[PDB]
Amino acid sequence: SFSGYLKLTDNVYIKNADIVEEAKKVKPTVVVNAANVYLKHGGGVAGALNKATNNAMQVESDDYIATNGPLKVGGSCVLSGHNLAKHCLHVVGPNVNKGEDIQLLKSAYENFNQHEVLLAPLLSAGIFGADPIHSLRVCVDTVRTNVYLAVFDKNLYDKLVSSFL
Ligand SMILES: c1ncc2c(n1)NCC2
């Protein structure tokens with residue numbers, strides 16, 4: 001089970017941890033991937049989760065895209081969690097670096113409400129370019145199910161906790 005998390009609200013928890021390492025340890029029912037519409041897991045959380053699956057996540061994702069086409073920004077799909085989780089919920093937050101509507105971040109977090117408990121990163125944070133403090137605020141104000149947030153960067157984790165309202 002999840003350990004060492006700081007409780008932020010009734011249902012949101014946070015820990016300074018590598019989501020890949022957290023997933024291998026806990027083997028949650030759902031690990032959230034910070035996906036793009038093409039499910040091209042090149043970098044950030046997606047690249048790290050995919051590399052941990054020995055590229056099996058990318059092979060499965062390419063078959064999903066070949067069949068279904070790309071996801072919408074703000075959308076998601078449930079695929080296998082491979083050696084990391086029972087399932088991976090690939091969620092597409094807006095990539096601010098690609099000029100995408102930051103208002104789609106709430107729509108992206110709404111996908112989490114379809115799962116009772118999730119291990120997740122902050123959507124649109126990191127290489128997606130959004131303000132992680134804003135992402136945490138949207139997470140707490142949108143997600144009603146139990147979300148265990150893994151924040152890789154210690155300095156960002158401290159900033160998120162110390163500024164949390
Ligand atoms: C949480 N947030 C970001 C990352 C992570 N976990 N693993 C590597 C990049």
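Counting starts at 1 for both ligands and their atoms, following the listed order. Counting from 1, the numbers follow the sequence of the chain as shown. What you see below is based on every heavy atom in this structure, not just the backbone, and it leaves out hydrogens, waters and symmetry mates.
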Checklist line | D153 side, atom CG; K159 side, atom NZ - distance, nearest 0.5 Å | finding: 11.5 Å
Notebook entry, point to check: Heavy atom of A34 under 4.0 Å from ligand 1?
Noted result: no
Note to self: Just checking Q114: does its CD atom have more than 12 heavy atoms from other residues, nucleotides or ligands closer to it than 6.0 angstrom?
What the structure shows: no
Item checked: For atom 1 (C) of ligand 1, the protein heavy atom that lies nearest, with its residue and separation -> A150 O, 3.2 Å
Next item on the list: Measure from atom 9 (C) of ligand 1 to every heavy atom in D18, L149, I19, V45 and give the option owning the shortest one.
Entry: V45
Next item on the list: Of the side chain and backbone of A17, name the one, both, or neither that has a heavy atom under 4.0 Å from an atom of ligand 1.
Entry: backbone
Checklist line | Cluster companions of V117 among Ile, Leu, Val, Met, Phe, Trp, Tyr (side-chain spacing under 4.5 Å) | finding: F2, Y5, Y13, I19, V20, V26, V31, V45, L49, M57, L84, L119, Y148
Next item on the list: Find the distance between CG (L165) and CG (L8) and round it off to the nearest 0.5 Å.
Entry: 11.5 Å
Check: Any heavy atom of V20 sitting closer than 4.0 Å to ligand 1?
Finding: no
Note to self: Below the 3.5 angstrom mark, is there an N/O of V151, backbone or side chain, next to an N/O of ligand 1?
What the structure shows: no
Next item on the list: Hey, could you give me the NE2/NE2 distance between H87 and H115, rounded to the nearest 0.5 Å?
Entry: 8.0 Å
Check: atom 5 (C) of ligand 1: which protein heavy atom is closest, and how many Å away?
Finding: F152 CB, 3.5 Å
Notebook entry, point to check: Can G126 be said to touch ligand 1, with heavy atoms closer than 4.0 Å?
Noted result: no
Margin query: When you group the ILVMFWY residues by side-chain heavy-atom contacts below 4.5 Å and let the links chain together, are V12 and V32 in the same group?
Written below: yes
